[PDB]
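To begin, one chain is listed below as structure tokens, in the form deposited in one PDB entry.
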């Protein structure tokens, strides 16, 4: 913070004005600036057009846009609105790529079942009409003060309608439609960059949220894209107008002249800076030619949304904020878009540890998911209760989504627990017949300044997991400073995996013999040997289950949907094993251990 203020003073050549301070306090905050993770993320292998979402081609005619963000700090103080809004925001990111939001996936980490979080998410995804196709839930008293709310959203988009995430030429303009701008969330980005005992941990930093407004925003935006009116786009969230406008031009290496007075207000007494950093929801920033602005405004208004032309794209690398004919601020656009970078430390792993038992409560509760009808599997090739969620796109074309993390293992060894989480995410994808395609990930950490190693260990392990597996990183998020009066959460890296699979070849449950296939302990080397065995059996028609517990209550619940009931003598397993359960007619034949342990029937 203060180390940064000096750097700002040196660059500015003098002391910043009130608004200059407010503005950089947002853009250079860890949440928007990424000072501590910038270099690490760069060292990661990438793929797919990365524009605040990350899209991956599936069949050349269609691509899937998937991204994972989080809303941790907000949810610790206002569970209901913090979770909902989290969904609202990640949906705007996927929509901002020209994609049609088709699936939401949740990843909760709490010390008990906080109804608010569950409902906030279910209600919001419900009012906008986008289904929940899955979502891991880990309970541990270690998240008592810092619950982690990570949400993954995937949309489908035509390869020929991909929207850019930046401005591309001087003369373009920037329209901002959606809900009206109020005073909620000001500095909520600076709030998410500190310990929960900060001076900004008040309800003022929390964003509201209106799904009916968003559903409209989804319809309007897609219409704009269908008529080729969108030349570039970015959703609004942290930083509001400031963040969005400056980032669309910094990316293109252009400039902008923002006119705050043209921004639709919901509170007319607001001041220029309040209008600039307000983090109100349901708003989208579209880049286009001056001429198309007319139809875009018409489309949003008839859709019951406000908005007007707010900025002009100029070739000069300056960010000029205007309110009428009175200048508010003015600084080098590339100054804002780039926070000071912090040095990284090199991490070198040790031997895979003898992970001991550290259980995460088995509070399986579908009761709460039914009360708030948080349906998790209405329209998938095969039910999500089993793990991977498979969606169709064509009769014989589809993709899989897997969200996994092993904070339990990582808590003991940041490196190995993380690396293992990424690898296990591959077993699941393979277990359903899908071809690992890319990864979106969310890094959930505490104080980097205090414990720099642990962060380094997460990023190195994630980097090594992609090099060892060949699976690149399409996108991600990084939530740091998840601590309460000192105490930090466990290092929790949540992995979102996307895969390619023919829905006509996805196996379903049927009366059969069950087999424990693999080893009860972990060894990196032979990991690729299990992968090869899953591909073989999966290809033969076998129904495979890849859980860290082998068999869970949900699996059995889901099994009853088929009127099937399993009787198996599960093998004793270590905290990190290399085993999966195979269901087939005959005994599997593979270059890996196989043992008949039970039966599925009726």
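Numbering follows the first chain given and starts at 1. Shifts are known only where both forms have a C-alpha. In this text, the rigid core denotes the largest set of C-alpha atoms whose superposition between the two forms falls within 1.5 Å.
The same protein also exists as the form deposited in another entry; that form is not shown, yet it is the one meant from here on.
- Rigid core superposed between the shown form and the other one, residues 327, 524, 365, 144 considered: the one with a C-alpha shift of 2 Å or more is 365.
- After superposing the rigid core, the Cα of residue 53 is displaced by 2 Å or more between the shown form and the other one.
- With the core held fixed, residue 196 shows a CA shift of 2 Å or greater between the shown form and the other one.
- In the other entry, the Cα positions of residue 165 and residue 49 lie at least 3 Å farther from each other than in the form displayed.
- In the other entry, the separation between the C-alpha atoms of residue 401 and residue 367 shrinks by 3 Å or more relative to the displayed form.
- In a core-based superposition, a mobile segment is defined as at least three consecutive common residues whose CA atoms each shift by 2 Å or more; between the shown form and the other one, such segments span 48-53, 195-201, 361-368.
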